[PDB]
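Geometric and topological summary
Listed below are the residues making up each chain.
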Amino acid sequence: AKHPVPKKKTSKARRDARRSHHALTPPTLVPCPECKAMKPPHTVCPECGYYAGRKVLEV
Amino acid sequence: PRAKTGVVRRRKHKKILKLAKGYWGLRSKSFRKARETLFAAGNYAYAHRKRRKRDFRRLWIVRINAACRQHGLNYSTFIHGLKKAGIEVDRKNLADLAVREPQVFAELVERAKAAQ
Amino acid sequence: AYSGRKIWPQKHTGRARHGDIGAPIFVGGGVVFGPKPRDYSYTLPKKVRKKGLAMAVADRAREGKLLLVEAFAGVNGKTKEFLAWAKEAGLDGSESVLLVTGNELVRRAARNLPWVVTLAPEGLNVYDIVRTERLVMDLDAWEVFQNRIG
Amino acid sequence: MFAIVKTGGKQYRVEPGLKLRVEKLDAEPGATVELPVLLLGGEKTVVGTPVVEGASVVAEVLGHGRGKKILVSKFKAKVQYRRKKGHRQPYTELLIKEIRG
Amino acid sequence: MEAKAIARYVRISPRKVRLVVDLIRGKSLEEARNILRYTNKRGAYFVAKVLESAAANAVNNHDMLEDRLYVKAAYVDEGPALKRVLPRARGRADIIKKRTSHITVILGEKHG
Amino acid sequence: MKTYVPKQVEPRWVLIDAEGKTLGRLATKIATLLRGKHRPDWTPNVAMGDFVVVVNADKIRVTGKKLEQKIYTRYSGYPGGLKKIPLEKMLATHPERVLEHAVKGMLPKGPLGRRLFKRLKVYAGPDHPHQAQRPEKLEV
RNA sequence: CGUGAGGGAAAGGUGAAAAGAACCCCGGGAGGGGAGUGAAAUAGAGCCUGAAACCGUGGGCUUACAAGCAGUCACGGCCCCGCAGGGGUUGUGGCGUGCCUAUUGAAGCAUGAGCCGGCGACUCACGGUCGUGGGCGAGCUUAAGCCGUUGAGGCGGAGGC
RNA sequence: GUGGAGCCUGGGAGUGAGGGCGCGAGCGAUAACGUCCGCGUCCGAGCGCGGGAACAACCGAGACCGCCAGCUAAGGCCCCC
RNA sequence: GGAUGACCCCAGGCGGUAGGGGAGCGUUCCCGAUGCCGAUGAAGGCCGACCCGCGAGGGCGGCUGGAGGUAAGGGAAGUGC
């Protein structure tokens, strides 16, 4: 190893075009059948405590 | 007394930067970069001005040449013909003729085979 | 006021080369060919001075702007007192005046006027003449003037 | 009906109703000049050789102007040569009035 | 009408929050609140506080209706960096830029 | 007076039989037709030449010893990947290339010059699938 | 900062007046929205002016068969200002080896430069030598001083040429 | 022979690492993008313009500016062109 | 030609590094200034496709800015990155 180093400043264009895959993807959500609140599927709904379709969790 | 740079430099810099609007990235952002493109832009505009005069003529001559081989003879012959005829309509206008007024050109072609 | 220590080694730092920070190349530094107290005085040939006074008054007289006076009516120091007199003499302050007299009292009266520049006669000089539109002198000043140019 | 006329070293096809820009002619605005003709077109097709003896084209001089400023600048590398010149081309604006023969 | 709320000098780095803000731009206040809730990013907490504040402002100052609020526009700006020393190997000091964001959220009302 | 410049037009489809024609002494012409330098309203930046259907490409005639002496050539990008194929063998397998490679190297380089190449249709014919376009027969 | 001798910074500005923003609303706070003060609040204290590099948002044009010192020429399309014209952009075609320095020779794979802003280098004194604008001319000139002035000049011939 | 000829007197310089090409020699090996002289040239300073694929010095030609006008030089006139 | 920088005509020169020369531009400051411009808006900033100048630049207009600015003609430099 002989300390490799950027030859040229990365241009703004070339920079941002690195970040064309950086964009976030929103949390996927479904309505919970009981309380109707939005939550991640396959979780327990923390709003009402229900999962399929019973009380699991005292909230 | 002291004459600090003050206002002068910024102004000479904007002058150039305004002259550089349009250019890619730093060439339109960095004064220095601006100046270097403008120098090049400079000579190109001069060099290509002179060149534009000979870009159109080559085009005219192409365009004419085609119209000439429609009536069964070549640009080089035809031009010889004109000179012998004594017709000195520049080839800017020769061109135009050949594409706007087929007939007249066709007239010109005949005077040209004629004088030959 | 800074030291003279070599801020960092002549070599191998990867920084540029410098001595002390008083180097004019530093923002801390001294100025290169900056003003030093000098003396703008020089000796103009007496004759030239002599001719200018001469020529300065000449020009002005050549314009009927020169006016000599015998004395100064009732001016006894007071500024309004001078006004009076100047009015009676064609001096309304539409024109600006170099008023030359050895008379202390007359100068005191004319002094605080904006359109008057006052002067004892040994003080006459081309500039104060050229500045002013109208020259106004004593006979007694007019003499010393001619004596200056003899 | 058009003609091919010569002025300022260049040629142009003109027609009645044309405003045309030419090299500045020595001629007052409101005055009215006659351009030599090397060819007449449409219906009557007459090939000036090089000019057509009788013909002319009458144009009115609308006036004179100086064209848009051309920045002519030369730069030479490695030599500190840089020249900046401003150039406006003078012109004469013509209203073609009629064609003769 | 528009209601806007800004959070200024939030001690997070702009390029990091902007990722979260970027999700909710143009979405219904309802959608937005939801998205931010289960968005796994420190920025969410902050963007939330700004959304929520702007939500009140709308309803509370500018006479707008919660069931009509969307995020008309939003944006994160850079505020003054907190310059901090990071000591490194062989005597060298590094300078870390703990960065700072001005988070803006602007609510509009959905006509239909 | 500014020079003409045409608005867009209908491109003329043209038919040519190779057969017995000297390769490239033919190609030369196809090129011109492609650019449209035969049309008096020709423009350099525009692509208004004819669409050129050549038929019977397999029967192109060639001078000299080039049947077995001209070598067509392709490089992959691998070591030793230089492929050398003699004319003969080119006719033997992809005959419609021979005239294809010749016309192309006679077209300008650049975006447009590749556009014009697309307007070249070559079939070791006769019969070309372009009855739809009704190509006017051309001699030489 | 250095054991010490010693080295040695950065850092000025709301407004005429604090009238320094009660009270309410989101918020743990910070911050912000209203209200209020103010001639002005993108003068709100992180405060006059608020350039540029730099980062965002929104809008127009554009871009996924294309080969590049990034421009220029031409034509064309779309947007804009207007009503033979302009402005923005750029599809295609032509043309085209950065700037500086150093060199016989540099696009050069030779030096310097990340970018922007600010600081940065032919001076001054006394002599000298041409030129030059003037003054006087077989002459020309004073120096230090003295008097006067308080931005007034005069005298001083020692002396020098 | 009136030319950015010349001569005279003075102010100011820079330059005193050249280089290639043709020709004449020495050196070298009837080698070197070699070296050292002479006459000439061009680059240097014309890396401005045409030709020579590209390319300081080979051919052509000494660019004040503009033109969508014309004649040409070398070089070319099958297509790229 | 006129009568001395007033313009017109005609002809010719006008590649250029070191370098010589000549004419200008802009910055600070002085005289001009007890003046003139200035809140009906200074300096400074951001625009402009407009005007003048070969050019450096200078106007004019719009926005910002809110207290300075400084002419014709001259003078002096910490004078242009």
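Residues numbered from 1 in each chain as written, not as in the entry; some residues may be left out. Chains lettered and ligands numbered in written order. Part of a larger assembly, values for the part shown. Heavy atoms only, no water. Residues with missing side-chain atoms left out of burial classes, pairs and counts.

In the PDB archive, X-ray crystallography is given as the structure determination method for this entry, at a resolution of 3.20 Å.

As recorded in the PDB entry, chain F goes by 50S ribosomal protein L13 and comes from Thermus thermophilus. In the PDB, the structure is listed with the title "The structure of thermorubin in complex with the 70S ribosome from Thermus thermophilus". On record in UniProt, under Function, the comment for chain F is "This protein is one of the early assembly proteins of the 50S ribosomal subunit, although it is not seen to bind rRNA by itself. It is important during the early stages of 50S assembly." A UniProt comment under Sequence similarities is attached to chain F, and it reads "Belongs to the universal ribosomal protein uL13 family." (UniProt positions renumbered as here; feature names shortened; annotations may be inferred.)

As recorded in the PDB entry, chain E goes by 50S ribosomal protein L22 and comes from Thermus thermophilus. Quoted straight from UniProt, the Subunit entry for chain E says "Part of the 50S ribosomal subunit." Word for word, the UniProt comment on chain E under Sequence similarities is "Belongs to the universal ribosomal protein uL22 family."

**Regarding the side chain of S13 of chain E**
Residue and element names in this part refer to chain E. Within the secondary structure, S13 is located in the loop between β1 (3-10) and α1 (14-24). For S13, a relative accessible area of 17% corresponds to the buried category. When sequence neighbours within four positions are dropped, the list of residues in contact with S13 reads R99 and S101. (Helix = DSSP H or I, 4+ residues; strand = E, 2+ residues; numbered from the N terminus. Buried < 20%, exposed > 50% of the residue type's maximum accessible area, 1.4 Å probe, protein only. Contact = heavy atoms within 4.5 Å.)

**Here's the deal with the protein's contact with RNA strand H**
Looking at RNA strand H, there are 32 residues lining it, with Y46, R52 and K53 of chain B together with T3 and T28 of chain F nearest. A breakdown of the atoms of RNA strand H within 4 Å of the protein gives sugar and phosphate a share of 80%. Side-chain polar atom of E23 of chain D to a base nitrogen of RNA strand H: 2.9 Å apart, as the coordinates give it. Here a phosphate oxygen of RNA strand H and a side-chain polar atom of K37 of chain F are 2.5 Å apart. Counting only elements with at least two residues in the surface near RNA strand H, the list comes to α2 (31-70) and α4 (91-100) of chain B, β7 (70-76) of chain D together with α1 (27-35) of chain F. The element best represented in the surface near RNA strand H is α2 of chain B, accounting for ten residues. (Near = heavy atom within 4 Å. Polar contact = N/O pair within 3.5 Å; in protein donor to acceptor, adjacent residues only side chain to side chain.)

**A word on the packing of α1 of chain E against helix α2 (residues 29-37) of chain E**
Residues and elements named next belong to chain E. Look at α1 against α2: their axes get within 9 Å of each other, and the N-to-C directions meet at 145°. Between α1 and α2 lies a crossing of right-handed hand. The segment α1 lies against α2, with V20, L23 and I24 engaging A32, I35 and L36. Residue classes in the contact of α1 with α2 are distributed as six nonpolar, no polar and no charged. (Axes fitted to C-alpha atoms, helices over the stretch in contact; angles between N-to-C directions. Left-handed = near helix turned anticlockwise from the far one by under 90°. Nonpolar A, V, L, I, M, F, W, Y, C, P; charged D, E, K, R; others polar.)

**Considering the sheet that holds strand β1 (residues 67-69) of chain C**
All names here are of chain C. Spatially, the four strands line up as an open sheet ordered β1-β4-β2-β3, and their pairing is parallel. The sheet is open, and its two borders are formed by β1 and β3 (116-119), each paired with just one other strand. Here the strands of the sheet are splayed against their neighbours by 20° on average, with no regard to which way each runs. For β1 and strand β4 (residues 134-138), the ladder comprises three bridges, and the chain directions are parallel. Bridge assignment links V69 to a residue of β4, and that residue is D138. (Pairing = 2+ DSSP bridges.)

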